[PDB]
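# Summary of the model geometry
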Amino acid sequence: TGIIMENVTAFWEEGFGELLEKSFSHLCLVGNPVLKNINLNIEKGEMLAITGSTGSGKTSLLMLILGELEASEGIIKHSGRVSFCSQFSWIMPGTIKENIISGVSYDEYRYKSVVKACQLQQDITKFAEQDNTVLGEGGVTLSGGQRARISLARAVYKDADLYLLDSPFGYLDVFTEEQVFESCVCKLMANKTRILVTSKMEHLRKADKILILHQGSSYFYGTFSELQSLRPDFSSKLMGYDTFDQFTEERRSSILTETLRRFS
Ligand SMILES: Nc1ncnc2c1ncn2[C@@H]1O[C@H](COP(=O)(O)OP(=O)(O)OP(=O)(O)O)[C@@H](O)[C@H]1O
Ligand SMILES: [Mg+2]
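Residues numbered from 1 in each chain as written, not as in the entry; some residues may be left out. Chains lettered and ligands numbered in written order. Heavy atoms only, no water.

Per the deposited record, X-ray crystallography is how this structure was determined, to a resolution of 2.70 Å.

Right, dumping it as structure tokens:
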């Protein structure tokens, strides 16, 4: 399914802040806009890369689609099931397999396809019981990347029309992340409409459409090509690094924020 948003604006509402964590009263009382004048038209099977300064409304735009935040003005169109992969990688009690499948029908081919694509084979091969290894609530002894890949495999394995992947790529095993983005987001999901919140420039370059947010506002919307010519200042600075995508998640967002605060 495709997804369209025409001149959308969403204001803070009670509770939304609580959900966001998983003050706010003032933002609600003041009728502050969490997202203002957002426009985007994503065709079926396309990939939308969302980035921007820290705390710019990336996760909120997602909640907007999940319907957890209402659109005070504007039109938002999209239909079908939507699968959501939150920034917080959760792990319920049970095996690695059980965690990837949860409440979905088991299809061996579908399953092994997703595990392989998410680069989980390199992990489970390390355990005596492989993907039948038992995890505890939170998968505490696993690495941040391992937890994200399983969390990501769960969202991906779910059959949906629209996938919302919030920042799955932000940990130290940066090389594995590059493989995962190529194999899973780019190949196995090539025909699935998908939105990826990211702070890696490669992802903007491979995307079909790009949305850069700053202060809940749309700093830029278009193709990676349109970005270089219509925002050379921003473009030049971020492309100016040799290996920006290998900096830590925090440095990338820091450079992104400062660049955004600078060029209006
Ligand atoms: N934990 C929090 N505590 C306080 N305010 C928050 C918190 N999380 C979000 N907010 C508020 O909500 C606004 C939008 O946050 P949102 O999570 O949508 O942004 P984001 O761009 O996804 O953030 P980030 O870059 O941290 O992941 C922020 O500008 C801030 O006012
Ligand atoms: Mg976020």
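Looking at the magnesium ion (ligand 2), the protein donor atoms are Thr59 (OG1) and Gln87 (OE1), and they sit 2.0 to 2.8 Å from it. One end of the pair, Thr59, is in helix 3 (residues 58-66); the other, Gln87, is in the loop between strand 5 (82-85) and strand 6 (94-95), with 28 residues separating them in the sequence. On the basis of relative accessible area, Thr59 is assigned to the partly exposed category, the value being 24%. You can call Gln87 partly exposed: its relative accessible area is 45%. (Donors = N, O, S within 2.8 Å, 3.2 Å for Na, K, Ca; no water. Helix = DSSP H or I, 4+ residues; strand = E, 2+ residues; numbered from the N terminus. Buried < 20%, exposed > 50% of the residue type's maximum accessible area, 1.4 Å probe, protein only.)

Attention now moves to the pattern of salt bridges. Within the structure shown, the criterion is met by 13 salt bridges. Shared partners join several salt bridges into a network, and the residues in it are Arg81, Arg110, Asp159, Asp161 and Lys192. (Salt bridge = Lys/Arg side-chain N within 4 Å of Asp/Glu carboxyl O.)

In the vicinity of ligand 1, the residues found are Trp12, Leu20, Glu21, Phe24, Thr54, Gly55, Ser56, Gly57, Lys58, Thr59, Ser60 and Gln87. Within the contact set of ligand 1, an oxygen atom lies 2.7 Å away from a side-chain nitrogen or oxygen of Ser60. Here ligand 1 loses 62% of its free accessible area of 630 Å² to cover by the protein chains. Going through the elements one at a time, helix 1 (16-21) and helix 3 are the ones with two or more residues in the shell around ligand 1. By residue number, the principal contributor to the shell around ligand 1 is helix 3, which donates three residues. Residues belonging to the shell around ligand 1 are distributed by class as follows: three nonpolar, seven polar and two charged. (Near = heavy atom within 4 Å. Polar contact = N/O pair within 3.5 Å; in protein donor to acceptor, adjacent residues only side chain to side chain. Areas by Shrake-Rupley, 256 points an atom, 1.4 Å probe, with all protein chains shown as cover. Nonpolar A, V, L, I, M, F, W, Y, C, P; charged D, E, K, R; others polar.)

Moving on to helix 7 (residues 144-157). For helix 7, which comprises 14 residues, the first-to-last C-alpha distance of 20 Å matches the rise-based estimate of 20 Å (1.5 Å per residue) to within 8%. Burial analysis of helix 7 places 13 of its 14 residues in the buried class, the great majority of the element. (Expected span 1.5 Å × (residues − 1).)

This paragraph deals with the nonpolar core. Ranked by internal contacts, the top residues of the largest apolar core, which has 47 residues, are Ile100, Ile150, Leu152, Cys184, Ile212 and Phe234. Looking at this core element by element, the count peaks at six residues for helix 7. Formed by 27 residues, the second largest nonpolar core is a distinct cluster that contains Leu48, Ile65, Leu69 and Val82. (Core = buried A, V, L, I, M, F, W, Y, C linked by side-chain atoms within 4.5 Å.)

So, about the state of the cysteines. Tallying each qualifying case throughout the model produces zero disulfides. Not part of a disulfide, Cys184 finds its nearest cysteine sulfur in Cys118, a span of 4.0 Å. (Disulfide = S-S within 2.5 Å.)

Attention now goes to the packing of aromatic side chains. For the structure on display, the rule yields eight aromatic pairs. Taking 5.4 Å as the distance between ring centres and 25° as the angle between the ring planes, the aromatic pair formed by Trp12 and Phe24 counts as stacked. Accessibility expressed as a relative area gives 11% for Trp12, which makes it buried. Plain terms: the ring middles of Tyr241 and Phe244 are 5.7 Å apart, the flat faces sit at 50° to each other, and that makes the pair tilted. (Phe/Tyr/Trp six-rings, centres within 6.5 Å; stacked < 30°, edge-to-face > 60°.)

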